[PDB]
Structures are given as C-alpha cells and as structure tokens.
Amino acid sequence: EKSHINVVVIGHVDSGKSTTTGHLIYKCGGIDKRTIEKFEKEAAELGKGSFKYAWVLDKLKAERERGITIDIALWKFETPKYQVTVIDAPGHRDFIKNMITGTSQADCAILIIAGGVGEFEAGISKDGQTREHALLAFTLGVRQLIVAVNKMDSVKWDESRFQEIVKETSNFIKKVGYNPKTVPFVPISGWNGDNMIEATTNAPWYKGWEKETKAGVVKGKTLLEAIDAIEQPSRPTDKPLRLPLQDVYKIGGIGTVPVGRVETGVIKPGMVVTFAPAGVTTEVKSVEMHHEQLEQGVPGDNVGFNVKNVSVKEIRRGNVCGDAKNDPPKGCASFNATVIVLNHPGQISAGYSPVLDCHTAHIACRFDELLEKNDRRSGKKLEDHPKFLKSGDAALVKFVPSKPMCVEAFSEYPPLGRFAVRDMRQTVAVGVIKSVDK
C-alpha cells in the first residue's frame, strides 16, 4: 500500500527534464503504455531488437504532438513507498496561475540542471523561468527539494565539474530560500539511465547523495531513492471541511448538485453544511464521485453532492462549502497577505485593484494598503508603509475584495490561503494570506 505525494519537476528548456521525468513514468508507471508497446516493437528495425528507453520516449512525444495518444495529462508513477503524481512543469505562461491555484500542490520540487558549460549558465539566469518556478515553489511552501545534475555523460562524469555545479546551484537555491544541506544532489543521465533507477558504473568517485533531515542524515545513490526518501507530509483530514465549488447543477428528480474539490476535512451524507459568502445552510443528502456513491469524500476528491432547499441561483462557482458545526466558512471584509512581486512591466501602488484567483474564486481585490515591505526569506520587516512595490519585493498588503469573498489564512487552510494576481496577460504576483477579517 502506498501514500500519495505530488512532485513538480522544474528546469531550463535544455536541462533534459522531460526525458528524465519521462524515464521515471515509463519504468515506474503506466501512462500511454499501448503507445510505448507499439514503439518497443517497432524498435526491432534499428538493429536486431535492442532499444534505448529514450528512443521510445522520443517517439511517444511525437505521437502525443499528433494528438493521437489516449491518456490524459495526469501522470503518475510508483516508488517503494509512494504513488507519485508528477508534473513536468510546462513553460507555458498560463501554467503560473495553475501552479498557484491549481489542485495538487507539490510536496517536493525536483530541479534538473544540465551539466554542460553553456547550458548550465543559461539555466540559473536571474530572469530565467527556472528561477521563477523555484521561487513560486518556495513561496507556496514547497520545502522539500531535490537537485539532479543531468547530462553527466556530456562532461564525461567529471567529479570536479559535478562539484562546481553543486556549489553554484547551491548558491542559486540559497538565494531563492532553500537550505542546500537539506537537498540531495544527484548526478544523472536521463538518456542513459545513470543513477535514475539503478546506480551508475561511470563514476567511481560517486559515493552517493545525502541530506540533513530533522531525525538525521539520509543517503542514497539514485534519483528514485531520493524521491522515495521524500518526507511524508501531513494531510488536513482532521481540519474542518472546506470544499470550493466549481459548478452547480440542477438535476431533475434530484435537485441542487454542487460539484467541487474537497480541500480540507471530509464531506459525508448527514452533515449540515454552510456555503460562504452567501451564508446558506443545509443537509448533505448524498455524495457521488465518478460512478460510485460515497460514504465520504476526502481531501483530493472531486465530488458532486445533493442538497435540498437551495436554488442553483443562490450558490455559485467560487463559493466555499464547509461544516456548519466546525469553524464554518465565512465571507470577509478584508484580508492581509504577504505578496511577492514577480517580474513584470510595471509598479504597484495602493489602490491597485487587479483580479485575484484564489481557489475557485475570480475576484478583483483592492491593494487597500501597503502595510510593510519585508525581507522575503526571513520575513523581517524592512519598512512600514512602503509607497510602492516593484519586481522582487515581498510585502504585507491589506486586500479589500470587490465582491463577497471567502478566503483563509494559509496557516489554517492552505488551498484557500494562496492566490495569483493577474495583470498584463500574466500572473504578476503570488500571495499568501496571513490574517482574515471575517
């Protein structure tokens, strides 16, 4: 039996992170296997039957580009301890919002670093998309990180080269905020499979990776072991119920059926729930998911449930469903949050009122007051009431929603406490709610 963890793989376009993530899914999961089988067979043409997994991965890619593969983009693979839901971070600019308000926040981030001289340098650029992903991950609380230095075959498995890359990468991640001592550095070859699932025979000097954890020092040789060594995060099963609504249907013979993802707590038939910011209360008649009727919907489940005497008008997308007898959700007059300004063509002053995406809510909120400017990593206050915010700044801001809105402090309900700030056809900032005036 396996526990569930989410992983996001980040890196520069030339890092080779897709082949790397593809190798793990290929050898430890079951995604688009009928396409894989097709190409393993075709491979007999190359010679007398032998084939590199990377060759099969390349053909699988082109097949997907044609739009003829069958499986969806939800990818998973197994380790001895976990069933891992992995995301090979898209370079697509709209993925930024998705990374923030999208379901399945990462438990650990894997940074793939190309070992070549030119490639390495291009990847740790202060303005690189890779640094941004690392920053968003750190800001959203993804504290576990793993670093894989790929293409070790292109630099002949040279120890000094690997060591220098570990040094510079450490500096790179330290500036983001990660403590390098808690991060495993794994030299690999996504193409040849070195230290992927099995230890390499190309580097005698390689004694393995290691990391400091609160209980002691953990060691291993492969990327798979590093992933399997990811620490079990605690799930909000015992926190009160929170279920942001995605849709509301009126079904004949059944009634009102809202549908959404259980972010915290559990929804069961018989519970009396409340919908915020409306304030409507009612009993949960039944709960369904896919084809099964459930006795309970737990964190992560996208369920539909039937409730009586509530009108499809009365409740909508963006409303939050919670337990009326255990810290019921409420609307708010305002909320204060730590905002990190990403790179963008502009400057923020009090009064700025962009659209904020928080869970399933899409509401323009006013930057009513710029309370403090802070040192991003430590949180130490640098100045009271800054007069404006620019790219790179971390600050505490008071927000005033333009429409009834239900949010939560990141500390109590993570999925309802992080948000994306939209402007200029991009996500210009990422916020973490610190206090709420309910």
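The term rigid core refers to the maximal set of C-alpha atoms that superpose within 1.5 Å between the two forms. Quick note: we count residues from 1 along the sequence shown, nothing fancier.
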{"property": "Which of 67 to 75 and 87 to 95 strays further in 6 other deposited structures of this protein - Cα RMS after rigid core alignment", "result": "67 to 75"}
{"property": "Stretch with greater C-alpha deviation in 6 other deposited structures of this protein, 58 to 66 versus 31 to 39 (rigid core superposition)", "result": "31 to 39"}
{"property": "Average Cα temperature factor in the PDB entry - higher stretch of 63 to 71, 43 to 51", "result": "43 to 51"}
{"property": "Segment of higher mean CA temperature factor, 392 to 400 or 34 to 42", "result": "34 to 42"}
{"property": "Criterion, highest CA B-factor; candidates, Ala109, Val183, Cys358, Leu241", "result": "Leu241"}
{"property": "Candidate residues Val287, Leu136, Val147, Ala337, the one whose C-alpha B factor the record puts highest", "result": "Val287"}
{"property": "Modelled-residue ranking by C-alpha temperature factor, third containing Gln426", "result": "highest"}
{"property": "Lowest, middle or highest third - CA B-factor, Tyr178", "result": "lowest"}
{"property": "For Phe172, the third of its chain into which the C-alpha B factor falls", "result": "lowest"}
{"property": "Lowest, middle or highest third - CA B-factor, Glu225", "result": "lowest"}
{"property": "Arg366 CA temperature factor, ranked by third within the chain", "result": "lowest"}
